Amino acid sequence: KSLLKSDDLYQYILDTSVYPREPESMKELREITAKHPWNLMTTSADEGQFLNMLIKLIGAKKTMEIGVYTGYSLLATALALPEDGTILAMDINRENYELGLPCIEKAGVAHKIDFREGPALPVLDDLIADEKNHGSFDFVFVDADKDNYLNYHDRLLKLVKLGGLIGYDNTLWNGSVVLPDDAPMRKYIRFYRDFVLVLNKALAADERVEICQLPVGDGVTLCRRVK
Amino acid sequence: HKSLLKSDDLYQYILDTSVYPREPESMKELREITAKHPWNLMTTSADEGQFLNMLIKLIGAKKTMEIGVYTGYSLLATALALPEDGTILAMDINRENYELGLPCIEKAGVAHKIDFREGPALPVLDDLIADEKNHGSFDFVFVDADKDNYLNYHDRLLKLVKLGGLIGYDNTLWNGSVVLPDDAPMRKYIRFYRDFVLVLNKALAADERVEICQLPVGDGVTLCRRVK
Ligand SMILES: C[S@@+](CC[C@H](N)C(=O)[O-])C[C@H]1O[C@@H](n2cnc3c(N)ncnc32)[C@H](O)[C@@H]1O
Ligand SMILES: C[S@@+](CC[C@H](N)C(=O)[O-])C[C@H]1O[C@@H](n2cnc3c(N)ncnc32)[C@H](O)[C@@H]1O
Ligand SMILES: [Ca+2]
Ligand SMILES: [Ca+2]
């Protein structure tokens, strides 16, 4: 299941270092999400823990999330932000968000969320149209449609502050990045594999950011804006 | 075997794609020097080096500490990331191996940041703690040394690191031996420290003075953010 050499080792991390400290609201949201047919899309508990610590470490206040689903990474983020922190959250699908929103409200951090229903790209274009929004975001978590990540990247580098951080999710893509082409793959795995392979090379060659691709979850590539 | 990941191929992909094209020349130099040394397996992997370097920048650290230096790959990764006036108090029982790597660090132009101390780290920590001026003065500590002392180091370091500061304990997944039965075949040094590591990991997860995150980078690194 995980990217690690054994399920035992992965389960050890969860049991030893993740679940004992998982906030109750996130446990709640996870268990709700696990019953939903699209539950494979949710952010893993270990990755949620990482994002939550990352938010604290970088002192982020104003963030953005592209790809919300039922809200596990969104809640992990909201809980880590200061009481007056904000998240601009985007998903084409509103109803899955609203499935998770009750947990977030109960957690007392729903006031931080500005949820927008619809495709992310036009929202980004509108933001960029106003210079006011340039360099205003501390952090962006991108966990949506892979064939648009290069396009998001172009826009987000205008919207994120110098020294700010963008996380691209699923950049190791089930480990399919090292399967031969003729290996058996699910259709959607094969389709997006092409884009992930290009994305990872484009980020490596992009001197506007410093990068770090981590084997957390399904891979996450941290991009720190330096130009 | 190369990594904690499900395949050497996947691990090699991370290095080839995302690490080595970005590795500073000075670190490549130190790595190639270190690779020739008999104890080279003790060195910090290039992917972990990259992660530590980004981490230092992200948390805005200036004053740090490293316990367990060897030839200095993690030390250099850190020194490169720190501001020009940043400092590292670096400790190792072995000076000769440090001095093997010091010329790369000097050439990289960040050797002035390093205060190297030869000897066991614990009495240095005790000496620091004896002077209140040192309390809560460190931004970051990387602990990559003797496992039977990690919990001892932890209590000392929580006095020396600022609220909101960060301690990273290295090798906390310990070759994955943490999920092997006592029965299983393992190298002697692995078996020797394995129960220290199992206890450590439980103790850190139970310690409300810190928030933790145990990452499958390198041989495992547990990040501990001081919150009390
Ligand atoms: C992997 S899920 C997000 C997971 C989420 N971060 C979590 O923790 O549960 C991907 C999401 O991106 C959304 N999505 C796909 N294309 C999008 C687009 N162009 N704009 C906004 N959202 C999109 C999908 O509706 C889906 O909910
Ligand atoms: C895994 S190596 C450190 C690797 C180093 N961070 C690097 O990137 O190459 C462990 C080091 O800890 C040192 N060491 C072991 N016990 C120590 C102690 N009690 N005090 C200080 N150093 C110690 C050893 O001499 C050895 O160099
Ligand atoms: Ca994801
Ligand atoms: Ca180590």
# chains A, B, ... in the order shown; residues from 1 in each chain; ligands from 1
call {"tool": "closest_atom_pairs", "arguments": {"of": "chain A", "to": "ligand 1", "cutoff": "10 Å", "atoms": "only C-alpha atoms and all ligand atoms", "output": "tab-separated table"}}
result
residue	atom	partner	partner_atom_place_in_ligand_line	distance
A:29	CA	ligand 1	9 (O)	9.7
A:30	CA	ligand 1	9 (O)	9.1
A:33	CA	ligand 1	9 (O)	8.4
A:38	CA	ligand 1	2 (S)	8.8
A:39	CA	ligand 1	9 (O)	8.1
A:40	CA	ligand 1	1 (C)	8.1
A:41	CA	ligand 1	1 (C)	4.4
A:42	CA	ligand 1	9 (O)	3.6
A:43	CA	ligand 1	8 (O)	4.0
A:44	CA	ligand 1	8 (O)	7.6
A:45	CA	ligand 1	8 (O)	9.4
A:47	CA	ligand 1	8 (O)	9.1
A:48	CA	ligand 1	8 (O)	7.8
A:65	CA	ligand 1	6 (N)	7.4
A:66	CA	ligand 1	21 (C)	5.7
A:67	CA	ligand 1	12 (O)	3.4
A:68	CA	ligand 1	5 (C)	4.2
A:69	CA	ligand 1	27 (O)	3.6
A:70	CA	ligand 1	9 (O)	5.2
A:71	CA	ligand 1	9 (O)	4.8
A:72	CA	ligand 1	8 (O)	4.1
A:73	CA	ligand 1	8 (O)	3.9
A:74	CA	ligand 1	8 (O)	6.3
A:75	CA	ligand 1	8 (O)	8.2
A:76	CA	ligand 1	8 (O)	8.6
A:77	CA	ligand 1	8 (O)	9.9
A:89	CA	ligand 1	21 (C)	8.8
A:90	CA	ligand 1	21 (C)	5.3
A:91	CA	ligand 1	22 (N)	3.5
A:92	CA	ligand 1	22 (N)	4.6
A:93	CA	ligand 1	25 (O)	4.8
A:94	CA	ligand 1	25 (O)	8.2
A:95	CA	ligand 1	27 (O)	9.8
A:96	CA	ligand 1	27 (O)	7.4
A:97	CA	ligand 1	27 (O)	8.1
A:100	CA	ligand 1	9 (O)	9.4
A:116	CA	ligand 1	21 (C)	8.8
A:117	CA	ligand 1	21 (C)	7.7
A:118	CA	ligand 1	21 (C)	5.9
A:119	CA	ligand 1	20 (N)	3.5
A:120	CA	ligand 1	20 (N)	4.0
A:121	CA	ligand 1	19 (N)	6.7
A:122	CA	ligand 1	20 (N)	9.0
A:123	CA	ligand 1	20 (N)	9.2
A:141	CA	ligand 1	6 (N)	7.8
A:142	CA	ligand 1	6 (N)	7.6
A:143	CA	ligand 1	3 (C)	5.1
A:144	CA	ligand 1	12 (O)	3.6
A:145	CA	ligand 1	16 (N)	4.4
A:146	CA	ligand 1	16 (N)	8.2
A:147	CA	ligand 1	16 (N)	9.2
A:148	CA	ligand 1	19 (N)	7.3
A:149	CA	ligand 1	19 (N)	9.7
A:152	CA	ligand 1	19 (N)	9.7
A:169	CA	ligand 1	1 (C)	8.1
A:170	CA	ligand 1	1 (C)	8.2
call {"tool": "interface_residues", "arguments": {"of": "chain B", "to": "chain A", "cutoff": "7 Å", "atoms": "only C-alpha atoms", "output": "PDB file with C-alpha atoms, in the first residue's frame"}}
result
ATOM      1  CA  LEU B   4      13.359   2.292   3.592  1.00  0.00           C
ATOM      2  CA  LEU B   5      11.384   2.517   0.350  1.00  0.00           C
ATOM      3  CA  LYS B   6       9.611  -0.320  -1.440  1.00  0.00           C
ATOM      4  CA  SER B   7      12.287  -0.568  -4.128  1.00  0.00           C
ATOM      5  CA  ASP B   9      14.574   1.689  -8.150  1.00  0.00           C
ATOM      6  CA  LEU B  10      12.092   4.104  -6.561  1.00  0.00           C
ATOM      7  CA  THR B  17      15.488  13.127 -10.480  1.00  0.00           C
ATOM      8  CA  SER B  18      15.218  15.424  -7.505  1.00  0.00           C
ATOM      9  CA  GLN B  50      18.671  17.921   0.936  1.00  0.00           C
ATOM     10  CA  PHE B  51      15.779  17.676   3.375  1.00  0.00           C
ATOM     11  CA  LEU B  58      11.961  26.914   6.252  1.00  0.00           C
ATOM     12  CA  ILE B  59      12.258  27.308  10.022  1.00  0.00           C
ATOM     13  CA  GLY B 176      13.375  -1.277   9.767  1.00  0.00           C
ATOM     14  CA  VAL B 179       9.281  -4.361  13.156  1.00  0.00           C
ATOM     15  CA  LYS B 202       7.439   5.322  22.330  1.00  0.00           C
ATOM     16  CA  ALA B 205       5.309   9.878  21.117  1.00  0.00           C
ATOM     17  CA  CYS B 213       6.656  13.671  13.158  1.00  0.00           C
ATOM     18  CA  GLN B 214       8.591  10.487  12.318  1.00  0.00           C
ATOM     19  CA  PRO B 216      10.828   7.774   6.392  1.00  0.00           C
TER      20      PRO B 216
END
call {"tool": "select_by_dssp", "arguments": {"residues": "chain A", "states": "strand (DSSP E)", "output": "VMD selection string"}}
result
chain A and resid 62 to 66 86 to 91 113 to 117 137 to 142 160 to 169 209 to 214 220 to 225
call {"tool": "closest_atom_pairs", "arguments": {"of": "chain B", "to": "ligand 2", "cutoff": "7 Å", "atoms": "only C-alpha atoms and all ligand atoms", "output": "tab-separated table"}}
result
residue	atom	partner	partner_atom_place_in_ligand_line	distance
B:42	CA	ligand 2	1 (C)	4.4
B:43	CA	ligand 2	9 (O)	3.6
B:44	CA	ligand 2	8 (O)	3.9
B:67	CA	ligand 2	21 (C)	5.8
B:68	CA	ligand 2	12 (O)	3.5
B:69	CA	ligand 2	5 (C)	4.2
B:70	CA	ligand 2	27 (O)	3.6
B:71	CA	ligand 2	9 (O)	5.2
B:72	CA	ligand 2	9 (O)	4.9
B:73	CA	ligand 2	8 (O)	4.1
B:74	CA	ligand 2	8 (O)	3.8
B:75	CA	ligand 2	8 (O)	6.3
B:91	CA	ligand 2	21 (C)	5.4
B:92	CA	ligand 2	22 (N)	3.5
B:93	CA	ligand 2	22 (N)	4.5
B:94	CA	ligand 2	25 (O)	4.9
B:119	CA	ligand 2	21 (C)	5.8
B:120	CA	ligand 2	20 (N)	3.3
B:121	CA	ligand 2	20 (N)	4.1
B:122	CA	ligand 2	20 (N)	6.7
B:144	CA	ligand 2	3 (C)	5.1
B:145	CA	ligand 2	12 (O)	3.7
B:146	CA	ligand 2	16 (N)	4.5
call {"tool": "closest_residue", "arguments": {"among": "B:15, B:210, B:46, B:65", "to": "ligand 4", "atoms": "only C-alpha atoms and all ligand atoms"}}
result
B:46
call {"tool": "closest_residue", "arguments": {"among": "B:53, B:26, B:34, B:97", "to": "residue 78 of chain B", "atoms": "only C-alpha atoms"}}
result
B:53
call {"tool": "select_by_dssp", "arguments": {"residues": "segment 4-208 of chain A", "states": "alpha helix (DSSP H)", "output": "PyMOL selection string"}}
result
chain A and resi 7-13+24-33+45-57+72-80+94-106+120-129+149-159+187-204
call {"tool": "closest_residue", "arguments": {"among": "B:222, B:195, B:206, B:200", "to": "residue 141 of chain B", "atoms": "only C-alpha atoms"}}
result
B:222
call {"tool": "decode", "arguments": {"residues": "segment 66-207 of chain A", "atoms": "C-alpha atoms", "output": "mmCIF file, in the first residue's frame"}}
result
data_model
loop_
_atom_site.group_PDB
_atom_site.id
_atom_site.type_symbol
_atom_site.label_atom_id
_atom_site.label_comp_id
_atom_site.auth_asym_id
_atom_site.auth_seq_id
_atom_site.Cartn_x
_atom_site.Cartn_y
_atom_site.Cartn_z
ATOM 1 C CA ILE A 66 -6.292 23.052 -4.510
ATOM 2 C CA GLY A 67 -8.129 19.717 -4.277
ATOM 3 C CA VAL A 68 -10.181 19.390 -1.093
ATOM 4 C CA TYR A 69 -12.332 16.244 -1.383
ATOM 5 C CA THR A 70 -13.768 15.608 2.141
ATOM 6 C CA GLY A 71 -11.171 17.796 3.833
ATOM 7 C CA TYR A 72 -8.525 15.781 5.699
ATOM 8 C CA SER A 73 -5.513 17.829 4.524
ATOM 9 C CA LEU A 74 -7.648 20.964 4.790
ATOM 10 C CA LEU A 75 -8.469 20.244 8.435
ATOM 11 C CA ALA A 76 -4.899 19.283 9.233
ATOM 12 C CA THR A 77 -3.878 22.664 7.816
ATOM 13 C CA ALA A 78 -6.623 24.708 9.519
ATOM 14 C CA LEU A 79 -5.799 23.238 12.948
ATOM 15 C CA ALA A 80 -2.138 24.224 12.570
ATOM 16 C CA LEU A 81 -2.804 27.803 11.435
ATOM 17 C CA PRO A 82 -3.137 30.644 13.937
ATOM 18 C CA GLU A 83 -6.680 31.461 15.110
ATOM 19 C CA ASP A 84 -6.848 34.255 12.529
ATOM 20 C CA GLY A 85 -5.255 32.239 9.722
ATOM 21 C CA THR A 86 -7.055 31.712 6.416
ATOM 22 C CA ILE A 87 -7.282 29.087 3.693
ATOM 23 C CA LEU A 88 -8.572 29.634 0.192
ATOM 24 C CA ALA A 89 -9.830 26.163 -0.674
ATOM 25 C CA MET A 90 -10.772 25.059 -4.195
ATOM 26 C CA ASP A 91 -12.568 22.001 -5.538
ATOM 27 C CA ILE A 92 -14.866 21.314 -8.487
ATOM 28 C CA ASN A 93 -16.875 19.152 -6.090
ATOM 29 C CA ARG A 94 -18.758 20.930 -3.295
ATOM 30 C CA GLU A 95 -20.809 18.067 -1.840
ATOM 31 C CA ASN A 96 -17.787 16.008 -0.744
ATOM 32 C CA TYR A 97 -16.426 19.101 1.004
ATOM 33 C CA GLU A 98 -19.730 19.556 2.798
ATOM 34 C CA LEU A 99 -19.577 15.940 3.975
ATOM 35 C CA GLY A 100 -16.467 16.836 5.955
ATOM 36 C CA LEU A 101 -17.360 20.404 6.918
ATOM 37 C CA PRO A 102 -19.308 19.366 10.058
ATOM 38 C CA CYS A 103 -16.100 17.894 11.586
ATOM 39 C CA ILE A 104 -14.244 21.067 10.733
ATOM 40 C CA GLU A 105 -16.955 23.276 12.279
ATOM 41 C CA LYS A 106 -16.978 21.171 15.454
ATOM 42 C CA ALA A 107 -13.198 21.528 15.575
ATOM 43 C CA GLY A 108 -13.701 25.297 15.748
ATOM 44 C CA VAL A 109 -11.606 26.199 12.705
ATOM 45 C CA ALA A 110 -14.217 26.333 9.922
ATOM 46 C CA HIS A 111 -14.127 30.137 10.097
ATOM 47 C CA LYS A 112 -10.659 30.005 8.528
ATOM 48 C CA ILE A 113 -11.936 28.447 5.305
ATOM 49 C CA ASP A 114 -12.960 30.296 2.149
ATOM 50 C CA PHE A 115 -14.245 27.413 0.006
ATOM 51 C CA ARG A 116 -14.730 28.000 -3.737
ATOM 52 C CA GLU A 117 -16.659 25.525 -5.888
ATOM 53 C CA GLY A 118 -15.303 25.119 -9.424
ATOM 54 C CA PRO A 119 -12.054 24.665 -11.405
ATOM 55 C CA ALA A 120 -9.016 26.185 -9.690
ATOM 56 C CA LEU A 121 -7.317 27.767 -12.721
ATOM 57 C CA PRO A 122 -9.825 30.603 -13.331
ATOM 58 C CA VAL A 123 -9.721 31.449 -9.621
ATOM 59 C CA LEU A 124 -5.941 31.738 -9.802
ATOM 60 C CA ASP A 125 -6.221 33.922 -12.909
ATOM 61 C CA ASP A 126 -8.608 36.301 -11.122
ATOM 62 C CA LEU A 127 -6.273 36.548 -8.119
ATOM 63 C CA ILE A 128 -3.305 37.374 -10.344
ATOM 64 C CA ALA A 129 -5.319 40.071 -12.165
ATOM 65 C CA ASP A 130 -5.039 42.086 -8.934
ATOM 66 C CA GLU A 131 -1.444 43.004 -7.990
ATOM 67 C CA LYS A 132 -2.665 43.162 -4.391
ATOM 68 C CA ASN A 133 -2.694 39.361 -4.329
ATOM 69 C CA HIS A 134 0.839 38.987 -5.642
ATOM 70 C CA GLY A 135 3.120 37.326 -3.096
ATOM 71 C CA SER A 136 0.346 37.263 -0.513
ATOM 72 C CA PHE A 137 0.220 33.507 0.198
ATOM 73 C CA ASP A 138 2.563 31.706 2.623
ATOM 74 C CA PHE A 139 1.725 28.166 1.601
ATOM 75 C CA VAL A 140 -0.102 26.240 -1.118
ATOM 76 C CA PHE A 141 -1.010 22.545 -1.115
ATOM 77 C CA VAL A 142 -1.759 21.244 -4.603
ATOM 78 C CA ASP A 143 -3.600 17.926 -4.595
ATOM 79 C CA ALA A 144 -5.775 17.920 -7.694
ATOM 80 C CA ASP A 145 -5.521 17.230 -11.419
ATOM 81 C CA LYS A 146 -1.917 16.318 -12.329
ATOM 82 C CA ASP A 147 -2.131 17.359 -15.962
ATOM 83 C CA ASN A 148 -2.605 20.928 -14.696
ATOM 84 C CA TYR A 149 0.249 21.062 -12.140
ATOM 85 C CA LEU A 150 2.667 22.879 -14.503
ATOM 86 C CA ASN A 151 -0.071 25.431 -15.187
ATOM 87 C CA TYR A 152 -0.810 25.895 -11.477
ATOM 88 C CA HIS A 153 2.925 26.261 -10.862
ATOM 89 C CA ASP A 154 3.221 29.169 -13.281
ATOM 90 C CA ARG A 155 0.453 31.049 -11.463
ATOM 91 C CA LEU A 156 1.288 30.092 -7.875
ATOM 92 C CA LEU A 157 4.838 31.433 -8.181
ATOM 93 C CA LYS A 158 3.229 34.863 -8.611
ATOM 94 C CA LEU A 159 0.841 34.406 -5.684
ATOM 95 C CA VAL A 160 3.217 32.874 -3.121
ATOM 96 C CA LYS A 161 5.624 35.115 -1.220
ATOM 97 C CA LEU A 162 9.370 34.883 -1.693
ATOM 98 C CA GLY A 163 10.522 32.189 0.728
ATOM 99 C CA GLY A 164 6.986 30.784 0.638
ATOM 100 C CA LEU A 165 6.187 27.113 0.137
ATOM 101 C CA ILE A 166 4.228 25.067 -2.424
ATOM 102 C CA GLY A 167 3.595 21.358 -1.906
ATOM 103 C CA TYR A 168 2.708 19.239 -4.947
ATOM 104 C CA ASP A 169 0.987 16.053 -3.879
ATOM 105 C CA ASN A 170 1.298 12.495 -5.229
ATOM 106 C CA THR A 171 4.526 13.144 -7.138
ATOM 107 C CA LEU A 172 5.722 9.539 -6.718
ATOM 108 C CA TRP A 173 2.387 8.328 -8.119
ATOM 109 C CA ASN A 174 2.099 4.838 -6.608
ATOM 110 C CA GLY A 175 5.725 4.207 -7.515
ATOM 111 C CA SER A 176 4.613 3.930 -11.135
ATOM 112 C CA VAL A 177 7.315 6.460 -12.016
ATOM 113 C CA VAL A 178 9.780 3.546 -12.087
ATOM 114 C CA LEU A 179 7.574 0.923 -13.708
ATOM 115 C CA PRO A 180 8.393 0.085 -17.321
ATOM 116 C CA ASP A 181 5.792 1.346 -19.815
ATOM 117 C CA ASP A 182 4.422 -2.148 -20.463
ATOM 118 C CA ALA A 183 3.858 -2.904 -16.786
ATOM 119 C CA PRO A 184 0.215 -3.533 -15.866
ATOM 120 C CA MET A 185 -1.308 -0.234 -14.753
ATOM 121 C CA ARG A 186 -4.763 1.035 -14.009
ATOM 122 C CA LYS A 187 -5.969 3.400 -16.744
ATOM 123 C CA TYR A 188 -5.916 6.498 -14.540
ATOM 124 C CA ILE A 189 -2.488 5.568 -13.164
ATOM 125 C CA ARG A 190 -1.082 5.282 -16.695
ATOM 126 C CA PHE A 191 -2.756 8.483 -17.868
ATOM 127 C CA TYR A 192 -1.415 10.732 -15.129
ATOM 128 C CA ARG A 193 1.965 8.960 -14.939
ATOM 129 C CA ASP A 194 2.986 10.800 -18.148
ATOM 130 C CA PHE A 195 2.321 14.141 -16.513
ATOM 131 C CA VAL A 196 3.988 13.285 -13.216
ATOM 132 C CA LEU A 197 7.159 12.148 -14.983
ATOM 133 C CA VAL A 198 7.339 15.475 -16.811
ATOM 134 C CA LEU A 199 6.366 17.501 -13.738
ATOM 135 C CA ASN A 200 9.171 16.081 -11.625
ATOM 136 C CA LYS A 201 11.729 16.929 -14.295
ATOM 137 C CA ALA A 202 10.326 20.418 -14.839
ATOM 138 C CA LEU A 203 10.497 21.203 -11.120
ATOM 139 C CA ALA A 204 14.068 19.894 -10.927
ATOM 140 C CA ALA A 205 15.015 22.281 -13.765
ATOM 141 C CA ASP A 206 13.153 25.296 -12.347
ATOM 142 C CA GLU A 207 15.593 27.643 -10.623
#
